[PDB]
Amino acid sequence: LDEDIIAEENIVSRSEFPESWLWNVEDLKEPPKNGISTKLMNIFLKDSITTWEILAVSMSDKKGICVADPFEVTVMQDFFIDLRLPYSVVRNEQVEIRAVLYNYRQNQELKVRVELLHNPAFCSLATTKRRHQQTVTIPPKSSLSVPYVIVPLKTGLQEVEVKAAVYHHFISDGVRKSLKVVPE
Amino acid sequence: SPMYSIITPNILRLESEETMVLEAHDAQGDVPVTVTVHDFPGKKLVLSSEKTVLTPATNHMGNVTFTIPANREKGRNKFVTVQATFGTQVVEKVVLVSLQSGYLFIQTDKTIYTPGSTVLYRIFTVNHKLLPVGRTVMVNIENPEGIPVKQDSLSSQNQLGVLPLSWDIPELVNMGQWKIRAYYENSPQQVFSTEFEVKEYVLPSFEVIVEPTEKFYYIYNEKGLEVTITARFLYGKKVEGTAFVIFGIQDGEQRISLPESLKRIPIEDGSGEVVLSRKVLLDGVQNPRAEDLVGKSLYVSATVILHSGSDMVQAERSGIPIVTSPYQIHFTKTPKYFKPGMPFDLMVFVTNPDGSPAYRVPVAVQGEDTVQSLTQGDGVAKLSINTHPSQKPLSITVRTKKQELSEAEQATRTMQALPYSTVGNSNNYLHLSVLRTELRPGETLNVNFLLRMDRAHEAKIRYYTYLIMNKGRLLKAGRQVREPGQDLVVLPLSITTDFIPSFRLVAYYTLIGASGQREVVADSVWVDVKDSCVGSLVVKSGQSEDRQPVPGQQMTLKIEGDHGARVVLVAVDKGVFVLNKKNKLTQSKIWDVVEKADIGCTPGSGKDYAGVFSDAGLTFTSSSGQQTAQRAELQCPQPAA
Amino acid sequence: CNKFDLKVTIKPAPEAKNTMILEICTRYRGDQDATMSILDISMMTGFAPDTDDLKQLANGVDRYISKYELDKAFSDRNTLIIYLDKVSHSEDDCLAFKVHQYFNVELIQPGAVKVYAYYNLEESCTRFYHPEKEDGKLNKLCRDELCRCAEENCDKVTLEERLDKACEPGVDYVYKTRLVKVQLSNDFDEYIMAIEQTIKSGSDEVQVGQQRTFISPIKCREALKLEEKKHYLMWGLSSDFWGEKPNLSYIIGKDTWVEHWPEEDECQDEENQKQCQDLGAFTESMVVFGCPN
Amino acid sequence: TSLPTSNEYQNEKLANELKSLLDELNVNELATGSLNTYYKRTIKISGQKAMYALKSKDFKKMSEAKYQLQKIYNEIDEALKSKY
């Protein structure tokens, strides 16, 4: 807790991954200039690491409707985790989720201590007391896959969470995804 | 002998402003005119309020503005009766009307939802001018077996034409293609629909894209169909993995897979190469005169797997045409009537097989070797031929002429243009030669007015009366003055955004001549205006320069649009679009709704004076009784090829 | 499963002391042999395929592994896909490759294999493997429909430790007991226990001399090593129940205590002597006082 | 005594600059509470960088970190101003 690394105490995961958002309504009441009202908008990007596509339509009784072109915005990171959960698991069947660790650093391998957090509602090598970590090496410009086998223990909506930190840097990610548990 | 003419749209519309042109030909002093519409048949006096006078100031040209209400009045077209009374004289015509209010567009936040994920949707509501209007709308949500599972009834009054809405997808429900349908409470028959898929999915973390080096396959192409596979994460970054590719042939809606064409290639540095060989494609069917395979299509499904085994993605390019020639040839943007002796402007349309406009492609006609002309960025080529003053149908046949293609590989097509059939076969004509490029609002277009008649009554003609159709309504109607001895007069046409996407121009003159005969000579021309929003809308970045933002980070968004306009926003993880990219809203989709709603059915002209008028969305009724074939069909001529 | 069969044999090799052989056997349940199919394997924490072997395979026909996966240093290869040109509908198609543990760890998670045809993923099958765990199956405890996790575990122990750790919050019972029967099965060993006194009564209304069955993962029937007619003793938690009152069951876990009482004919022997007089200063410390509060 | 060497001076400036911040870190960490999760997630990682950097008495780690923490502090102010 004094090593060249970030602490699980201090990792705040990403969790907010909408599939669509900013379903908002703004009004060009600004002072027209050269005929073109201009609004500046303050938006907060959501946690997902992807490319957002923003679509605007304008309606004016003078000039009508107007499907603005699409406009792309890419949120990314040099290192992060992809927690690939499937749509739904069945309570009490054993599966294997994969944590994919991406390292898009130019030129140096990364050493990570990645860790599946304990969840009472799941049967994992992770206990209230003992944690479940490996320590792994990702080449640069590529991906390391990290198996975690688990067993869902309660129906309804359950939550898997992984955290990883790189050594010597102070980079860290953590994802909190949720999957449907269904009874047999 | 004074003559009064009435000119209206071919088909009127409810609850919207229409316009009709009043004219006094050869009359003296002020002429007061009253105009009245009545239900048909009988009398309801639906609109009489309007009165006007044709002053010698304004060369006796009138403005008609009226709005027909929607009173308690099927399967049989309803009509109306426009009665225009100049002084005491009383002219009238029987026209067709439509219950079609306007348009409706629906927007869904995503293209695809999972059971239990709510679907956001907007109904944009507008009149035939694409202006926001406010009516009452009904909205159904049909499940994939067609059964309305929810409806609401909403008014767009004081909502600036935008109806927000949602629907919570139940937890258990049929997967499949759902539909959202909406109509104006006035007119149930004109329904509007957008779809959305309901499925079970996790989002994919990359997109896959398949691509034939050619937009088609040439049957004699020994190499077979070559295809490049491409994968890249949503965060822009190249993919490593392996990918399974496989082909098939489509006939109509019928689909045969070529099981043997299955290939497993490595996807390296985001890309991969792969091919269907002419042999598999033929064996795969059964080596019939390859010629047989002509007309059918190909398709490729690829499926990539990351080397991590975590995430899969399918994707398929469909209906790649099997063709003997690369290009296609179309005369549907060229009129079907010329004037003997006068130069005929040919608008040849040259599409790639798929359907796309093909740029820079040479074309010319049967006869003359020296005549050539390329295809501007719109897949259009302007060729003009001087025609002979012979009362003989003029058959034209055009043919591609690309170097590096064999004369068998070149593509042709034939059309037949008939001469303009005058009054009493007098040989009096009018031509509008218009320089043809990509017109843009602001740019100024010249309309050459060319007079073709024996100088006998040449001094008589004093003026041209012109009109502009647009989105099937009158956008302007004016006069172009002329002086004797002139055959050419040029019209300065300012071109504003009100012309988009395309406008029609019909000019006509009238006179007495030969043997005391009341005449009408005319001409109609179609011109595309380079489509694009009528005002503007753009959403660029806030921070002029910057590095990629970071998950959860603040970012400033910039919106440049029309003053006072309303914008409605949505941002969508592009990962969705890798599961479904269909049924999105486009402005191009709207222009397409607006053109198919044109009342004008011809590129240009008329068989006779009275056709020019019915071809563009117009009617001409004069005192002297020279009216136009009355219009009683809602849609254009059912395509006869 | 059903569309595919999957038998994953994880055996040690003959002739290190850790290295072994992973064998994967698949058959397609259908009329024709499947087309192109995926084997999506993962290593047990600490292992990674013998390379010299993996090549061999990829040289093979019907099989291929991407250069991309070959080039990596065996150490960097903890998952890996083996593509197949086919899998017979007729008999089992099998193969194997020596794996080597290069890394020393306690608690080694199970590897797993997965199969399917490229076209359709939902028709997969998925077999785990592991050196000790029977089926690569984690240790759970399920009665009827309810399951709960059982992958847990099982210097001087002072006459005072005992006085402490017990009068904790949780503890909802303590007992002496007399191991009577020992029914050993697939999953869980029942240790039917008499209640030779309720040293701390509780939620479970038990009239002493009354039996109550205690359960533990087949995985510790070695470490607890209780034996019939002995006489152990213990305190576990208010949660550890199984089923409903009054036909319950008790679960032996982490926060469950178990501590021999060396028979009274073995209380003589001069080595049990201190304890049979601390155990003796405990129950007696308890019955009477029971707790501080 | 006399005066310190080059290294000696720079090194001790950085450090105190650095410390100067770590001092009023906690105050900051605490303002994140109201702020959107990105702030908290950020400051916590930036905080450690410092404290390890500070104790490591190495220029790089120390400045590099000096700056990390500077930025996020500023992204906090900007934040709390759009809110009164």
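Residues numbered from 1 in each chain as written, not as in the entry; some residues may be left out. Chains lettered and ligands numbered in written order. Heavy atoms only, no water.

**Let's talk about the state of the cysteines**
Point 1. Using the criterion set out here, one finds nine disulfides over all chains in the structure.
Point 2. With a sulfur-sulfur separation of 2.0 Å, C123 of chain A is cross-linked through a disulfide to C149 of chain C. Negative torsions about the S-S bond denote left-handed disulfides, and the value of about 65° found for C123 of chain A with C149 of chain C makes this one right-handed. In this pair, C123 of chain A is assigned in the loop between β10 (110-116) and β11 (132-138) and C149 of chain C in strand β11 (residues 146-149), connecting two distinct chains.
Point 3. Residue classification places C123 of chain A among the buried positions, given a relative accessible area of 1%.
Point 4. Residue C149 of chain C is classed as buried on the basis of its relative accessible area of 15%.
Point 5. Bridging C25 of chain C to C94 of chain C, the disulfide has an S-S length of 2.0 Å. Given an S-S torsion of about 125°, the disulfide between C25 of chain C and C94 of chain C has right-handed geometry. Highlighted residues: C25 of chain C in strand β2 (residues 20-28) and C94 of chain C in strand β7 (residues 93-101), separated in sequence by 69 residues. (Disulfide = S-S within 2.5 Å. Helix = DSSP H or I, 4+ residues; strand = E, 2+ residues; numbered from the N terminus. Buried < 20%, exposed > 50% of the residue type's maximum accessible area, 1.4 Å probe, protein only.)

**Topic: the environment of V136 of chain A**
All names here are of chain A.
Point 1. In this structure, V136 sits in strand β11.
Point 2. Taking the C-alpha atoms as reference points, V136 and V112, separated by 24 residues in sequence, lie 5.2 Å from one another.
Point 3. Beyond its immediate stretch of four places on either side in the chain, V136 contacts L110, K111, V112, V114 and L144. (Contact = heavy atoms within 4.5 Å.)

**What about the interface of chain B and chain A?**
Accessible area lost when the parts come together is the quantity often used to give the size of an interface.
Point 1. Each partner contributes to the interface: chain B provides 76 residues, whereas chain A provides 68 residues.
Point 2. Both sides of the chain B and chain A interface together cover about 6,900 Å² of buried area, and 59% of this is carbon and sulfur.
Point 3. The interface formed by chain B and chain A holds five salt bridges in total.
Point 4. The tally of links between chain B and chain A comes to 34 residue pairs in polar contact.
Point 5. For the side of chain B that touches chain A, the elements supplying multiple residues, two or more each, are β11 (119-126), β41 (537-541), β42 (554-562), β43 (566-573) and α2 (587-595) of chain B.
Point 6. Counting residues per element, the side of chain B that touches chain A draws most heavily on β42 of chain B, which supplies nine residues.
Point 7. Looking at the side of chain B that touches chain A, its residues break down into 39 nonpolar, 22 polar and 15 charged.
Point 8. As defined by bridge partners, strand β2 (residues 25-27) of chain A adjoins β43 of chain B across three bridges and the pair is classed as antiparallel. Bridge pairing in β43 of chain B places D27 of chain A opposite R566 of chain B. (Buried area = accessible area lost by both parts, 1.4 Å probe. Salt bridge = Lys/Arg side-chain N within 4 Å of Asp/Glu carboxyl O. Polar contact = N/O pair within 3.5 Å; in protein donor to acceptor, adjacent residues only side chain to side chain. Nonpolar A, V, L, I, M, F, W, Y, C, P; charged D, E, K, R; others polar. Pairing = 2+ DSSP bridges.)

**Digging into unusual backbone geometry**
Point 1. Note the cis peptide between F40 of chain B and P41 of chain B, where omega equals -10°.
Point 2. In this structure, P41 of chain B sits in the loop between β4 (31-39) and β5 (51-54).
Point 3. At the junction of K245 of chain C and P246 of chain C, the peptide bond is cis and its omega measures out at 0° in the coordinates.
Point 4. Relative to the helices and strands, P246 of chain C resides in the loop between β17 (241-242) and β18 (249-251).
Point 5. At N34 of chain A, a residue that is not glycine, the phi angle is positive and equals roughly 65°.
Point 6. Structurally, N34 of chain A is set in the loop between β2 and β3 (36-44).
Point 7. For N34 of chain A, a relative accessible area of 78% puts it in the exposed group.
Point 8. Here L107 of chain C, not a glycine, exhibits a phi torsion of approximately 65°, which is positive.
Point 9. On the secondary structure map, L107 of chain C appears in the loop between β7 and β8 (111-117).
Point 10. According to the relative accessible area criterion, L107 of chain C is partly exposed, its value standing at 35%.

**Regarding the nonpolar core**
Side chains of nonpolar character tend, in soluble globular proteins, to be buried together.
Point 1. Counting 95 residues, the largest nonpolar core has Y121, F124 and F503 of chain B as the members making the most contacts within it.
Point 2. Per-element accounting of this core gives the leading share, seven residues, to strand β39 (residues 502-513) of chain B.
Point 3. Apart from the residues within four sequence positions on either side, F124 of chain B is in contact with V57, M59 and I65 of chain A together with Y103, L104, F105, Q107, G161, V162, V568 and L585 of chain B.
Point 4. Within the second largest apolar cluster, 43 residues are counted, among which are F80 and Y104 of chain A together with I219 and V313 of chain B. (Core = buried A, V, L, I, M, F, W, Y, C linked by side-chain atoms within 4.5 Å.)

**Focus: the UniProt feature "disulfide bond" in chain C**
All names here are of chain C.
Point 1. Of the disulfides listed in UniProt, the one joining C1 and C125 is reproduced in the coordinates: its sulfurs are separated by 2.0 Å, less than 2.5 Å.
Point 2. Residue class for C1 comes out partly exposed when judged on its relative accessible area of 43%.
Point 3. Residue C125 is classed as buried on the basis of its relative accessible area of 1%.
Point 4. Of the UniProt disulfides, the one joining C167 and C291 is satisfied here, as the sulfur distance of 2.0 Å falls under 2.5 Å. Highlighted residues: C167 in the loop between α3 (161-165) and β12 (175-176) and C291 in the segment after α4 (283-287), separated in sequence by 124 residues.
Point 5. Judged by relative accessible area, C291 falls into the partly exposed class, the value being 29%. (UniProt positions renumbered as here; feature names shortened; annotations may be inferred.)

**Quick notes on the pattern of salt bridges**
Side-chain pairs of opposite charge can arise whenever the charged atoms involved come near each other.
Point 1. For the coordinates displayed, the defined rule picks out 68 salt bridges over all chains.
Point 2. Between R98 of chain A and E96 of chain A there is a salt bridge; the shortest N-O distance is 3.0 Å.
Point 3. On the basis of relative accessible area, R98 of chain A is assigned to the buried category, the value being 7%.
Point 4. Residue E438 of chain B pairs with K530 of chain B through a salt bridge whose shortest N-O separation is 3.5 Å. Linking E438 of chain B in the loop between β34 (429-434) and β35 (444-452) with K530 of chain B in the loop between β40 (517-528) and β41, this pair joins segments that are 92 residues apart in sequence.
Point 5. By relative accessible area, which is 27% here, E438 of chain B ends up partly exposed.
Point 6. Assessed through its relative accessible area of 30%, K530 of chain B is described here as partly exposed.
Point 7. Here the salt bridges share partners, and the residues they tie into one network are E8, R113, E115, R131, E161 and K163 of chain A.

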